[PDB]
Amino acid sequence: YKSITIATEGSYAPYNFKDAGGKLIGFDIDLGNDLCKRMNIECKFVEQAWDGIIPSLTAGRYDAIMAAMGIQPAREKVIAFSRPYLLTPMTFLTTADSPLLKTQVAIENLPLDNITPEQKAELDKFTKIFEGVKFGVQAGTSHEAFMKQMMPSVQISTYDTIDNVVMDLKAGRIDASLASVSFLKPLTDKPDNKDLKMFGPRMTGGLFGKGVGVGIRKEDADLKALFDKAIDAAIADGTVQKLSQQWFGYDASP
């Protein structure tokens, strides 16, 4: 390896998005360039729509994916992942005036790896509150998978990008959403989004898997080993923690 092409969505702030000039920027872009410097590889970032991000990697259109991608079990069936470069729980989003905000949270930190009758009870409480409530999620995400598998009785609308979800929630076309704390905290910290609030349990595991990793082809064992070495070094020296505070406003490093 001498040069690699890394794909990113280009519409998932603060992980990957476009600045004023249209240049790809964000946590994934900064970390991508840092990791490649540690690996002694030339780094080229390309914009790719979420719909064909995994098949374009397997087809050989580029060598890696750094696009806020959760290491989820369904994805592991198709591609390989590096070591997680960020750890984030999942939570719900609504409006600041929404009665949903008054709901009691019995389990603050909800792991989904092995749902006990008590965790199922907390999940069912929310499902029942969420009936009649219009839900919005980005298509092809772990958010959609959670909603279809864990809360099937809840009506969901799928969107092209997360920016369309945010638009519709602010507009009043949808009542609530789901995404990670890493996306939602920078969003709710913005003064333009004082009308948006995070709520409910903070969920980990199950179909959300463990952390955000680099998407690599399964046969590219050597490229995975290189990224794993680079990621461990970037975490140990505090580079991931620095970029996490710089882009998310808190430490989400493993």
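Note that residue numbering follows the sequence shown and begins at 1.
Note on 25-33 vs 40-48: mean CA B-factor is higher in 40-48. The mean Cα B-factor in the deposited entry runs higher for 167-175 than for the other of 135-143 and 167-175. Placement of the Cα temperature factor of residue 193 within the chain: highest third of the modelled residues, per the deposited record. In the deposited entry, the Cα temperature factor of residue 54 places it in the lowest third of its chain's modelled residues.
Among the modelled residues of its chain, residue 116 has a C-alpha B-factor that falls in the highest third according to the deposited record. Residue 77 sits in the lowest third of its chain by CA B factor, as recorded in the PDB entry.
The PDB entry assigns residue 97 a C-alpha temperature factor belonging to the highest third of its chain's modelled residues.
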